[PDB]
$ cat entry.pdb   # PDB, C-alpha atoms
ATOM      1  CA  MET A   1     -22.918  21.100 -13.882
ATOM      2  CA  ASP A   2     -21.418  24.044 -12.004
ATOM      3  CA  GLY A   3     -24.481  24.305  -9.767
ATOM      4  CA  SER A   4     -23.502  27.427  -7.835
ATOM      5  CA  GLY A   5     -19.779  27.115  -7.133
ATOM      6  CA  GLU A   6     -17.170  24.958  -5.406
ATOM      7  CA  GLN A   7     -17.309  24.759  -1.612
ATOM      8  CA  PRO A   8     -20.588  26.377  -0.456
ATOM      9  CA  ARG A   9     -21.044  27.388   3.180
ATOM     10  CA  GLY A  10     -21.109  25.255   6.326
ATOM     11  CA  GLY A  11     -19.945  26.328   9.781
ATOM     12  CA  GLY A  12     -16.868  24.244  10.573
ATOM     13  CA  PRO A  13     -14.304  24.387   7.729
ATOM     14  CA  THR A  14     -12.139  21.490   8.902
ATOM     15  CA  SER A  15     -15.085  19.453   7.634
ATOM     16  CA  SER A  16     -14.563  15.784   6.787
ATOM     17  CA  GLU A  17     -13.046  16.464   3.369
ATOM     18  CA  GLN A  18      -9.794  17.867   4.750
ATOM     19  CA  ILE A  19      -9.922  15.177   7.433
ATOM     20  CA  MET A  20     -10.680  12.091   5.347
ATOM     21  CA  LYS A  21      -7.864  13.177   3.037
ATOM     22  CA  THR A  22      -5.366  13.564   5.876
ATOM     23  CA  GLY A  23      -6.600  10.180   7.086
ATOM     24  CA  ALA A  24      -5.485   8.009   4.173
ATOM     25  CA  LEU A  25      -2.505  10.326   3.742
ATOM     26  CA  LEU A  26      -0.614  10.665   7.022
ATOM     27  CA  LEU A  27      -0.771   6.902   7.534
ATOM     28  CA  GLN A  28      -0.012   6.160   3.884
ATOM     29  CA  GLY A  29       3.115   8.174   4.669
ATOM     30  CA  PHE A  30       4.543   6.920   7.960
ATOM     31  CA  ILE A  31       4.044   3.574   6.229
ATOM     32  CA  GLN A  32       6.114   3.889   3.057
ATOM     33  CA  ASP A  33       8.466   6.127   5.035
ATOM     34  CA  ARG A  34      10.133   3.915   7.638
ATOM     35  CA  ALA A  35       9.457   0.664   5.789
ATOM     36  CA  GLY A  36      10.002   2.176   2.345
ATOM     37  CA  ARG A  37      13.026   0.101   1.350
ATOM     38  CA  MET A  38      15.456   1.622  -1.146
ATOM     39  CA  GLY A  39      15.743   0.003  -4.572
ATOM     40  CA  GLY A  40      12.394  -1.716  -4.046
ATOM     41  CA  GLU A  41      10.627  -1.204  -7.372
ATOM     42  CA  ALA A  42       6.849  -1.609  -7.364
ATOM     43  CA  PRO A  43       5.881  -0.410  -3.853
ATOM     44  CA  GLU A  44       3.050  -2.254  -2.108
ATOM     45  CA  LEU A  45       1.861   1.077  -0.718
ATOM     46  CA  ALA A  46       0.175   2.302  -3.897
ATOM     47  CA  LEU A  47      -2.128   5.299  -3.495
ATOM     48  CA  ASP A  48      -0.519   8.742  -3.391
ATOM     49  CA  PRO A  49       2.796   9.568  -5.133
ATOM     50  CA  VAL A  50       3.832  12.199  -2.592
ATOM     51  CA  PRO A  51       2.284  14.670  -0.101
ATOM     52  CA  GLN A  52       1.586  18.090  -1.606
ATOM     53  CA  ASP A  53       1.048  20.338   1.411
ATOM     54  CA  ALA A  54       3.814  20.396   4.017
ATOM     55  CA  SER A  55       1.160  20.199   6.730
ATOM     56  CA  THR A  56       1.462  16.410   6.700
ATOM     57  CA  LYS A  57       5.215  16.442   6.105
ATOM     58  CA  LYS A  58       5.882  17.918   9.544
ATOM     59  CA  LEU A  59       3.287  15.670  11.174
ATOM     60  CA  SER A  60       4.969  12.761   9.397
ATOM     61  CA  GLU A  61       8.291  13.498  11.091
ATOM     62  CA  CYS A  62       6.575  13.098  14.459
ATOM     63  CA  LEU A  63       5.617   9.525  13.586
ATOM     64  CA  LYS A  64       9.154   8.861  12.363
ATOM     65  CA  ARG A  65      10.877  10.421  15.370
ATOM     66  CA  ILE A  66       8.753   8.504  17.872
ATOM     67  CA  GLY A  67       8.662   5.383  15.706
ATOM     68  CA  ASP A  68      12.454   5.129  15.664
ATOM     69  CA  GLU A  69      12.471   5.512  19.445
ATOM     70  CA  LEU A  70       9.423   3.442  20.380
ATOM     71  CA  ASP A  71      10.474   0.797  17.860
ATOM     72  CA  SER A  72      13.716   0.691  19.841
ATOM     73  CA  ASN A  73      11.900  -0.567  22.933
ATOM     74  CA  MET A  74      12.599  -4.257  23.517
ATOM     75  CA  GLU A  75       9.653  -4.161  25.916
ATOM     76  CA  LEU A  76       6.746  -3.032  23.742
ATOM     77  CA  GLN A  77       8.347  -4.705  20.728
ATOM     78  CA  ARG A  78       8.535  -7.978  22.651
ATOM     79  CA  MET A  79       4.915  -7.791  23.795
ATOM     80  CA  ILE A  80       3.804  -7.470  20.175
ATOM     81  CA  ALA A  81       5.748 -10.670  19.523
ATOM     82  CA  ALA A  82       4.006 -12.459  22.388
ATOM     83  CA  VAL A  83       0.590 -11.696  20.909
ATOM     84  CA  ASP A  84       0.208 -14.596  18.483
ATOM     85  CA  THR A  85      -1.700 -13.867  15.277
ATOM     86  CA  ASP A  86      -4.826 -15.828  14.363
ATOM     87  CA  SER A  87      -7.423 -13.114  13.795
ATOM     88  CA  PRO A  88      -6.414  -9.495  13.031
ATOM     89  CA  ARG A  89     -10.110  -8.630  12.809
ATOM     90  CA  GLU A  90     -10.974  -9.934  16.273
ATOM     91  CA  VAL A  91      -7.909  -8.785  18.205
ATOM     92  CA  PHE A  92      -7.766  -5.475  16.344
ATOM     93  CA  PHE A  93     -11.326  -4.704  17.428
ATOM     94  CA  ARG A  94     -10.550  -6.126  20.865
ATOM     95  CA  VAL A  95      -7.347  -4.197  21.550
ATOM     96  CA  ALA A  96      -8.713  -1.064  19.889
ATOM     97  CA  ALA A  97     -11.587  -1.354  22.358
ATOM     98  CA  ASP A  98      -9.386  -1.925  25.404
ATOM     99  CA  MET A  99      -7.412   1.223  24.603
ATOM    100  CA  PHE A 100     -10.201   3.558  25.702
ATOM    101  CA  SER A 101     -12.465   1.065  27.465
ATOM    102  CA  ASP A 102     -12.882   3.456  30.390
ATOM    103  CA  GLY A 103      -9.908   5.817  30.229
ATOM    104  CA  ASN A 104     -11.930   8.919  29.377
ATOM    105  CA  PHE A 105     -12.785   8.846  25.674
ATOM    106  CA  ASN A 106      -9.737  11.098  25.384
ATOM    107  CA  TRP A 107      -8.095  10.740  21.975
ATOM    108  CA  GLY A 108      -4.366  10.315  22.574
ATOM    109  CA  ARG A 109      -4.854   6.556  22.321
ATOM    110  CA  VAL A 110      -5.490   7.301  18.648
ATOM    111  CA  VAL A 111      -1.815   7.919  17.898
ATOM    112  CA  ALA A 112      -1.041   4.544  19.465
ATOM    113  CA  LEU A 113      -3.570   2.995  17.088
ATOM    114  CA  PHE A 114      -1.505   4.061  14.080
ATOM    115  CA  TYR A 115       1.588   2.462  15.601
ATOM    116  CA  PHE A 116      -0.300  -0.664  16.657
ATOM    117  CA  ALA A 117      -1.615  -1.088  13.116
ATOM    118  CA  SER A 118       1.841  -0.406  11.689
ATOM    119  CA  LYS A 119       2.916  -3.830  12.942
ATOM    120  CA  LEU A 120      -0.036  -5.468  11.196
ATOM    121  CA  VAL A 121       0.742  -3.482   8.050
ATOM    122  CA  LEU A 122       4.509  -3.987   7.982
ATOM    123  CA  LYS A 123       4.320  -7.387   9.672
ATOM    124  CA  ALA A 124       1.969  -8.600   6.943
ATOM    125  CA  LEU A 125       4.209  -6.986   4.330
ATOM    126  CA  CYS A 126       6.799  -9.685   5.006
ATOM    127  CA  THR A 127       4.291 -12.533   5.220
ATOM    128  CA  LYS A 128       3.970 -11.957   1.476
ATOM    129  CA  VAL A 129       0.429 -10.579   1.426
ATOM    130  CA  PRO A 130      -0.016  -6.961   0.241
ATOM    131  CA  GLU A 131      -3.778  -7.503   0.295
ATOM    132  CA  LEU A 132      -3.851  -7.260   4.087
ATOM    133  CA  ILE A 133      -2.132  -3.884   3.802
ATOM    134  CA  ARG A 134      -5.058  -2.403   1.882
ATOM    135  CA  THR A 135      -7.526  -4.283   4.077
ATOM    136  CA  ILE A 136      -5.932  -2.733   7.159
ATOM    137  CA  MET A 137      -5.998   0.897   6.034
ATOM    138  CA  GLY A 138      -9.706   0.212   5.551
ATOM    139  CA  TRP A 139     -10.243  -0.473   9.249
ATOM    140  CA  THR A 140      -8.586   2.873   9.959
ATOM    141  CA  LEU A 141     -10.532   5.220   7.690
ATOM    142  CA  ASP A 142     -13.627   3.283   8.747
ATOM    143  CA  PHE A 143     -13.069   3.810  12.469
ATOM    144  CA  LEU A 144     -11.892   7.377  11.886
ATOM    145  CA  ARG A 145     -14.823   8.085   9.573
ATOM    146  CA  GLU A 146     -17.161   6.403  12.053
ATOM    147  CA  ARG A 147     -15.619   7.912  15.182
ATOM    148  CA  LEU A 148     -12.744  10.360  15.615
ATOM    149  CA  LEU A 149     -14.752  12.031  12.855
ATOM    150  CA  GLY A 150     -17.133  13.622  15.353
ATOM    151  CA  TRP A 151     -14.447  14.237  17.970
ATOM    152  CA  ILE A 152     -11.671  15.117  15.527
ATOM    153  CA  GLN A 153     -14.139  17.551  13.969
ATOM    154  CA  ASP A 154     -14.545  19.264  17.337
ATOM    155  CA  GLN A 155     -10.779  19.235  17.845
ATOM    156  CA  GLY A 156     -10.211  21.504  14.848
ATOM    157  CA  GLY A 157      -9.059  18.625  12.653
ATOM    158  CA  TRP A 158      -5.743  16.792  12.946
ATOM    159  CA  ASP A 159      -4.258  20.113  14.043
ATOM    160  CA  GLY A 160      -5.250  19.436  17.649
ATOM    161  CA  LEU A 161      -3.013  16.369  17.478
ATOM    162  CA  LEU A 162       0.136  18.312  16.608
ATOM    163  CA  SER A 163      -0.964  21.086  18.962
ATOM    164  CA  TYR A 164      -0.876  18.561  21.801
ATOM    165  CA  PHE A 165       2.653  17.353  21.071
ATOM    166  CA  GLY A 166       3.908  20.749  22.226
ATOM    167  CA  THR A 167       4.772  20.078  25.865
ATOM    168  CA  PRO A 168       8.075  19.772  27.787
ATOM    169  CA  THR A 169       9.844  16.522  28.663
ATOM    170  CA  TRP A 170       8.290  14.326  25.979
ATOM    171  CA  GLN A 171       9.219  11.378  28.190
ATOM    172  CA  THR A 172       5.631  11.847  29.355
ATOM    173  CA  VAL A 173       4.139  11.344  25.897
ATOM    174  CA  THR A 174       5.933   8.056  25.253
ATOM    175  CA  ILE A 175       4.720   6.918  28.670
ATOM    176  CA  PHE A 176       1.147   7.756  27.682
ATOM    177  CA  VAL A 177       0.662   6.157  24.268
ATOM    178  CA  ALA A 178       2.559   3.205  25.728
ATOM    179  CA  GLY A 179       0.996   2.980  29.185
ATOM    180  CA  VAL A 180      -2.396   2.969  27.473
ATOM    181  CA  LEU A 181      -1.670   0.669  24.535
ATOM    182  CA  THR A 182       0.763  -1.532  26.455
ATOM    183  CA  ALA A 183      -1.849  -2.192  29.136
ATOM    184  CA  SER A 184      -4.151  -3.537  26.427
ATOM    185  CA  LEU A 185      -1.447  -6.065  25.563
ATOM    186  CA  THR A 186      -0.973  -6.842  29.253
ATOM    187  CA  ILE A 187      -4.577  -7.907  29.821
ATOM    188  CA  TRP A 188      -5.117  -9.538  26.431
ATOM    189  CA  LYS A 189      -2.736 -12.301  27.503
ATOM    190  CA  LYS A 190       0.422 -12.518  29.606
ATOM    191  CA  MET A 191       2.476 -15.453  28.334
ATOM    192  CA  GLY A 192       6.256 -15.803  28.134
TER     193      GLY A 192
ATOM    194  CA  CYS B 130      18.198  -6.758  18.759
ATOM    195  CA  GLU B 131      18.123  -9.268  15.905
ATOM    196  CA  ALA B 132      16.683 -12.722  15.243
ATOM    197  CA  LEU B 133      13.519 -13.478  17.209
ATOM    198  CA  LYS B 134      14.448 -17.151  17.509
ATOM    199  CA  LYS B 135      10.711 -17.698  17.083
ATOM    200  CA  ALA B 136       9.378 -17.397  13.537
ATOM    201  CA  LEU B 137      10.746 -20.414  11.671
ATOM    202  CA  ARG B 138       8.462 -23.401  12.219
ATOM    203  CA  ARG B 139       5.937 -21.136  13.934
ATOM    204  CA  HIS B 140       5.234 -19.308  10.678
ATOM    205  CA  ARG B 141       5.837 -21.994   8.057
ATOM    206  CA  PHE B 142       3.083 -23.769   9.983
ATOM    207  CA  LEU B 143       0.984 -20.670  10.645
ATOM    208  CA  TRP B 144       0.286 -20.532   6.911
ATOM    209  CA  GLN B 145       0.228 -24.215   5.979
ATOM    210  CA  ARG B 146      -2.699 -24.924   8.296
ATOM    211  CA  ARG B 147      -4.544 -26.978   5.683
ATOM    212  CA  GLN B 148      -3.603 -27.966   2.136
ATOM    213  CA  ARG B 149      -5.883 -26.514  -0.536
ATOM    214  CA  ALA B 150      -8.227 -24.494   1.672
TER     215      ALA B 150
END
$ encode --input "entry.pdb" --output "structure tokens"
Amino acid sequence: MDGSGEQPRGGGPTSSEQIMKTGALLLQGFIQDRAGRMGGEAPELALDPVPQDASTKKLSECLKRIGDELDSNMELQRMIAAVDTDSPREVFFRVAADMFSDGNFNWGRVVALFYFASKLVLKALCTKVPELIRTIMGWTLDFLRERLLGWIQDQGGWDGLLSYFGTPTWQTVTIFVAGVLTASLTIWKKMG
Amino acid sequence: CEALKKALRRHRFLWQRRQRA
């Protein structure tokens, strides 16, 4: 059953194994991290007890630092409240498409995706339906395993992501993931 | 910062929709 060993050879270490794992992880973290209520026995975010490597830990702080700030924006937060909910499968695919509809197949929009889904994950957590939570994470790994996979693989894994968040005045980063995602919410429908 | 003043009847109805799907 040994075959020949464990982990043969294949140019490009950061294969999909280390990626797919960091896919259901990172998210699974930022999720039960900011929404992880204290004294709440029986967490709806069942999957991984805790992150082993600290590689994700640090990357997790980035989602918490920006989340606390971005989540403090009455603008973006309001827009998400103006986008009625009647089909998370249609809109999700719609908005996710608008993100990089012509931009430049960059990748930054990705980060915004995690935040955009967060609302659907946490928002549905209150509706009293933990099923949607698991159904959501599915749309992520699916898109990431059907897309970012190729690109992310050429970016050196999720490392390229953290490597990008290493510039000066971050005020430019928040204006990017927002100016791109926000726009999607602007076109979708402008009602108030 | 609190209370959305828009999630009471909007939701209660969002789910109801139809009795016994």
$ residues_near_point --input "entry.pdb" --point "(13.6, -6.7, 18.9)" --cutoff "9 Å" --atoms "only C-alpha atoms" --output "list in words"
residues 71, 72, 73, 74, 75, 77, 78 and 81 of chain A; 130, 131, 132 and 133 of chain B
$ atom_distance --input "entry.pdb" --atom1 "CA of residue 181 (chain A)" --atom2 "CA of residue 56 (chain A)"
24.0 Å
$ atom_distance --input "entry.pdb" --atom1 "CA of residue 67 (chain A)" --atom2 "CA of residue 25 (chain A)"
17.1 Å
$ resolve_selection --input "entry.pdb" --expression "the PyMOL selection byres ((chain A and resi 124) around 12)" --output "VMD selection string"
(chain A and resid 35 44 85 88 117 to 123 125 to 136) or (chain B and resid 140)
$ resolve_selection --input "entry.pdb" --expression "the PyMOL selection byres ((chain A and resi 45) around 8)" --output "list in words"
residues 28, 31, 32, 43, 44, 46, 47 and 133 of chain A
$ resolve_selection --input "entry.pdb" --expression "the PyMOL selection byres ((chain A and resi 185-191) around 9)" --output "list in words"
residues 76, 79, 80, 82, 83, 91, 94, 95, 98, 181, 182, 183, 184 and 192 of chain A
$ write_last_selection --input "entry.pdb" --atoms "C-alpha atoms" --output "mmCIF file, keeping the file's coordinate frame"
data_model
loop_
_atom_site.group_PDB
_atom_site.id
_atom_site.type_symbol
_atom_site.label_atom_id
_atom_site.label_comp_id
_atom_site.auth_asym_id
_atom_site.auth_seq_id
_atom_site.Cartn_x
_atom_site.Cartn_y
_atom_site.Cartn_z
ATOM 1 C CA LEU A 76 6.746 -3.032 23.742
ATOM 2 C CA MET A 79 4.915 -7.791 23.795
ATOM 3 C CA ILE A 80 3.804 -7.470 20.175
ATOM 4 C CA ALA A 82 4.006 -12.459 22.388
ATOM 5 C CA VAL A 83 0.590 -11.696 20.909
ATOM 6 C CA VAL A 91 -7.909 -8.785 18.205
ATOM 7 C CA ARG A 94 -10.550 -6.126 20.865
ATOM 8 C CA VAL A 95 -7.347 -4.197 21.550
ATOM 9 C CA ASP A 98 -9.386 -1.925 25.404
ATOM 10 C CA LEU A 181 -1.670 0.669 24.535
ATOM 11 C CA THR A 182 0.763 -1.532 26.455
ATOM 12 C CA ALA A 183 -1.849 -2.192 29.136
ATOM 13 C CA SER A 184 -4.151 -3.537 26.427
ATOM 14 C CA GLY A 192 6.256 -15.803 28.134
#
$ atom_distance --input "entry.pdb" --atom1 "CA of residue 87 (chain A)" --atom2 "CA of residue 143 (chain A)"
17.9 Å
$ closest_residue --input "entry.pdb" --among "A:6, A:48, A:86, A:68" --to "chain B" --atoms "all atoms listed in the file"
A:86
$ closest_residue --input "entry.pdb" --among "A:106, A:22, A:7, A:163" --to "residue 60 (chain A)" --atoms "all atoms listed in the file"
A:22
$ closest_residue --input "entry.pdb" --among "A:84, A:2, A:146, A:33" --to "chain B" --atoms "all atoms listed in the file"
A:84
$ build_atoms --input "entry.pdb" --residues "region 108-138 of chain A" --atoms "N, CA and C atoms" --output "PDB file, keeping the file's coordinate frame"
ATOM      1  N   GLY A 108      -5.784  10.630  22.703  1.00  0.00           N
ATOM      2  CA  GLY A 108      -4.366  10.315  22.574  1.00  0.00           C
ATOM      3  C   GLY A 108      -4.167   8.876  22.114  1.00  0.00           C
ATOM      4  N   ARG A 109      -4.953   7.965  22.681  1.00  0.00           N
ATOM      5  CA  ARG A 109      -4.854   6.556  22.321  1.00  0.00           C
ATOM      6  C   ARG A 109      -4.844   6.389  20.804  1.00  0.00           C
ATOM      7  N   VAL A 110      -5.436   7.351  20.105  1.00  0.00           N
ATOM      8  CA  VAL A 110      -5.490   7.301  18.648  1.00  0.00           C
ATOM      9  C   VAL A 110      -4.093   7.097  18.069  1.00  0.00           C
ATOM     10  N   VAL A 111      -3.184   8.011  18.392  1.00  0.00           N
ATOM     11  CA  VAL A 111      -1.815   7.919  17.898  1.00  0.00           C
ATOM     12  C   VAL A 111      -1.288   6.495  18.041  1.00  0.00           C
ATOM     13  N   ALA A 112      -1.500   5.906  19.212  1.00  0.00           N
ATOM     14  CA  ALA A 112      -1.041   4.544  19.465  1.00  0.00           C
ATOM     15  C   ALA A 112      -1.647   3.579  18.452  1.00  0.00           C
ATOM     16  N   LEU A 113      -2.887   3.846  18.054  1.00  0.00           N
ATOM     17  CA  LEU A 113      -3.570   2.995  17.088  1.00  0.00           C
ATOM     18  C   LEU A 113      -2.760   2.892  15.799  1.00  0.00           C
ATOM     19  N   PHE A 114      -2.293   4.035  15.307  1.00  0.00           N
ATOM     20  CA  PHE A 114      -1.505   4.061  14.080  1.00  0.00           C
ATOM     21  C   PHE A 114      -0.275   3.169  14.214  1.00  0.00           C
ATOM     22  N   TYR A 115       0.396   3.265  15.358  1.00  0.00           N
ATOM     23  CA  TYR A 115       1.588   2.462  15.601  1.00  0.00           C
ATOM     24  C   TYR A 115       1.222   0.986  15.730  1.00  0.00           C
ATOM     25  N   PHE A 116       0.147   0.710  16.463  1.00  0.00           N
ATOM     26  CA  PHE A 116      -0.300  -0.664  16.657  1.00  0.00           C
ATOM     27  C   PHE A 116      -0.613  -1.319  15.315  1.00  0.00           C
ATOM     28  N   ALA A 117      -1.263  -0.568  14.433  1.00  0.00           N
ATOM     29  CA  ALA A 117      -1.615  -1.088  13.116  1.00  0.00           C
ATOM     30  C   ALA A 117      -0.369  -1.242  12.250  1.00  0.00           C
ATOM     31  N   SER A 118       0.602  -0.359  12.457  1.00  0.00           N
ATOM     32  CA  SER A 118       1.841  -0.406  11.689  1.00  0.00           C
ATOM     33  C   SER A 118       2.406  -1.822  11.673  1.00  0.00           C
ATOM     34  N   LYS A 119       2.401  -2.470  12.834  1.00  0.00           N
ATOM     35  CA  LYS A 119       2.916  -3.830  12.942  1.00  0.00           C
ATOM     36  C   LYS A 119       2.136  -4.772  12.030  1.00  0.00           C
ATOM     37  N   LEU A 120       0.815  -4.625  12.028  1.00  0.00           N
ATOM     38  CA  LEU A 120      -0.036  -5.468  11.196  1.00  0.00           C
ATOM     39  C   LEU A 120       0.179  -5.154   9.719  1.00  0.00           C
ATOM     40  N   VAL A 121       0.511  -3.901   9.429  1.00  0.00           N
ATOM     41  CA  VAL A 121       0.742  -3.482   8.050  1.00  0.00           C
ATOM     42  C   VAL A 121       2.115  -3.945   7.574  1.00  0.00           C
ATOM     43  N   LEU A 122       3.149  -3.601   8.337  1.00  0.00           N
ATOM     44  CA  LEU A 122       4.509  -3.987   7.982  1.00  0.00           C
ATOM     45  C   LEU A 122       4.723  -5.478   8.226  1.00  0.00           C
ATOM     46  N   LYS A 123       4.182  -5.975   9.333  1.00  0.00           N
ATOM     47  CA  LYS A 123       4.320  -7.387   9.672  1.00  0.00           C
ATOM     48  C   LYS A 123       3.747  -8.262   8.562  1.00  0.00           C
ATOM     49  N   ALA A 124       2.611  -7.845   8.013  1.00  0.00           N
ATOM     50  CA  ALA A 124       1.969  -8.600   6.943  1.00  0.00           C
ATOM     51  C   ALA A 124       2.701  -8.384   5.622  1.00  0.00           C
ATOM     52  N   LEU A 125       3.461  -7.297   5.544  1.00  0.00           N
ATOM     53  CA  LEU A 125       4.209  -6.986   4.330  1.00  0.00           C
ATOM     54  C   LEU A 125       5.267  -8.053   4.065  1.00  0.00           C
ATOM     55  N   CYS A 126       5.779  -8.649   5.136  1.00  0.00           N
ATOM     56  CA  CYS A 126       6.799  -9.685   5.006  1.00  0.00           C
ATOM     57  C   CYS A 126       6.153 -11.045   4.757  1.00  0.00           C
ATOM     58  N   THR A 127       5.001 -11.270   5.382  1.00  0.00           N
ATOM     59  CA  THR A 127       4.291 -12.533   5.220  1.00  0.00           C
ATOM     60  C   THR A 127       4.050 -12.827   3.743  1.00  0.00           C
ATOM     61  N   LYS A 128       4.178 -11.797   2.912  1.00  0.00           N
ATOM     62  CA  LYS A 128       3.970 -11.957   1.476  1.00  0.00           C
ATOM     63  C   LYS A 128       2.491 -11.828   1.131  1.00  0.00           C
ATOM     64  N   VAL A 129       1.846 -10.805   1.683  1.00  0.00           N
ATOM     65  CA  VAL A 129       0.429 -10.579   1.426  1.00  0.00           C
ATOM     66  C   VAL A 129       0.108  -9.089   1.462  1.00  0.00           C
ATOM     67  N   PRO A 130       0.261  -8.422   0.351  1.00  0.00           N
ATOM     68  CA  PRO A 130      -0.016  -6.961   0.241  1.00  0.00           C
ATOM     69  C   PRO A 130      -1.506  -6.649   0.353  1.00  0.00           C
ATOM     70  N   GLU A 131      -2.334  -7.679   0.208  1.00  0.00           N
ATOM     71  CA  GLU A 131      -3.778  -7.503   0.295  1.00  0.00           C
ATOM     72  C   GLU A 131      -4.175  -7.034   1.691  1.00  0.00           C
ATOM     73  N   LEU A 132      -3.556  -7.626   2.707  1.00  0.00           N
ATOM     74  CA  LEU A 132      -3.851  -7.260   4.087  1.00  0.00           C
ATOM     75  C   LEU A 132      -3.547  -5.786   4.326  1.00  0.00           C
ATOM     76  N   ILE A 133      -2.517  -5.283   3.655  1.00  0.00           N
ATOM     77  CA  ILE A 133      -2.132  -3.884   3.802  1.00  0.00           C
ATOM     78  C   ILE A 133      -3.304  -2.969   3.462  1.00  0.00           C
ATOM     79  N   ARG A 134      -3.923  -3.212   2.311  1.00  0.00           N
ATOM     80  CA  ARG A 134      -5.058  -2.403   1.882  1.00  0.00           C
ATOM     81  C   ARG A 134      -6.269  -2.667   2.770  1.00  0.00           C
ATOM     82  N   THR A 135      -6.408  -3.910   3.217  1.00  0.00           N
ATOM     83  CA  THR A 135      -7.526  -4.283   4.077  1.00  0.00           C
ATOM     84  C   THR A 135      -7.407  -3.598   5.435  1.00  0.00           C
ATOM     85  N   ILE A 136      -6.172  -3.381   5.875  1.00  0.00           N
ATOM     86  CA  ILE A 136      -5.932  -2.733   7.159  1.00  0.00           C
ATOM     87  C   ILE A 136      -6.328  -1.261   7.098  1.00  0.00           C
ATOM     88  N   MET A 137      -5.703  -0.523   6.186  1.00  0.00           N
ATOM     89  CA  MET A 137      -5.998   0.897   6.034  1.00  0.00           C
ATOM     90  C   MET A 137      -7.506   1.130   6.015  1.00  0.00           C
ATOM     91  N   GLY A 138      -8.252   0.108   5.611  1.00  0.00           N
ATOM     92  CA  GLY A 138      -9.706   0.212   5.551  1.00  0.00           C
ATOM     93  C   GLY A 138     -10.302   0.307   6.950  1.00  0.00           C
TER      94      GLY A 138
END
